[PDB]
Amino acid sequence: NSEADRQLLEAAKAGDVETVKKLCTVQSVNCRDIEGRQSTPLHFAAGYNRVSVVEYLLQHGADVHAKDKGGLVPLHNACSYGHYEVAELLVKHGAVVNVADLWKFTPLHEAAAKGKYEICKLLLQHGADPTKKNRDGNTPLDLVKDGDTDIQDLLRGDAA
């Protein structure tokens, strides 16, 4: 990476909007972190709940569909750690809720496995499919832990 790209990525990880504003260009907004997993600034801002930076990035050309080395999109990252506002923002900017990574995990597999009730609810409201099997043959419902009966209820979708 160029020193400037490195600086932008750290600024995104940190939620440093003022620095992001300084460095963010057409050329850099979707740069990849070569030293990590080819994460974009938006991947980092999403995983670390940097809401103001996610807003800025999304308004300035950031790619919600960018895949990292594992095939993860920034929505996977937000969903894994329960970042509701970030997830909501990504979906508003056209994130596809059923997109799958290299292990065929969707963001709903992730939210389910991580026990994130509101994230699961948000994804389902936007048409996420709780029946999609990953590489292991597991659906998101399969990945819900025994005691998370609320998330089970949600993904099972009993008639209502």
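In case it trips you up, residue 1 is the first one in the sequence shown, and so on. Under this definition, the rigid core comprises the largest set of C-alpha atoms superposing within 1.5 Å between the forms.
Two stretches, 148-156 and 7-15, are weighed by how far their CA atoms sit from the shown form in 8 other deposited structures of this protein after rigid core superposition; the farther one is 148-156.
In this entry, the higher average B-factor at the C-alpha atoms falls on 33-41, of the pair 128-136 and 33-41. With 147-155 and 18-26 compared on mean CA B-factor from the PDB entry, the stretch scoring higher is 18-26.
Residues shown: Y56, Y48, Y117, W103. Highest C-alpha temperature factor in the entry: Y56. The residue among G70, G94, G61, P107 whose C-alpha carries the highest B-factor in the deposited model is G61. For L141, the recorded CA B-factor ranks within the lowest third of the chain. Only modelled residues enter the ranking.
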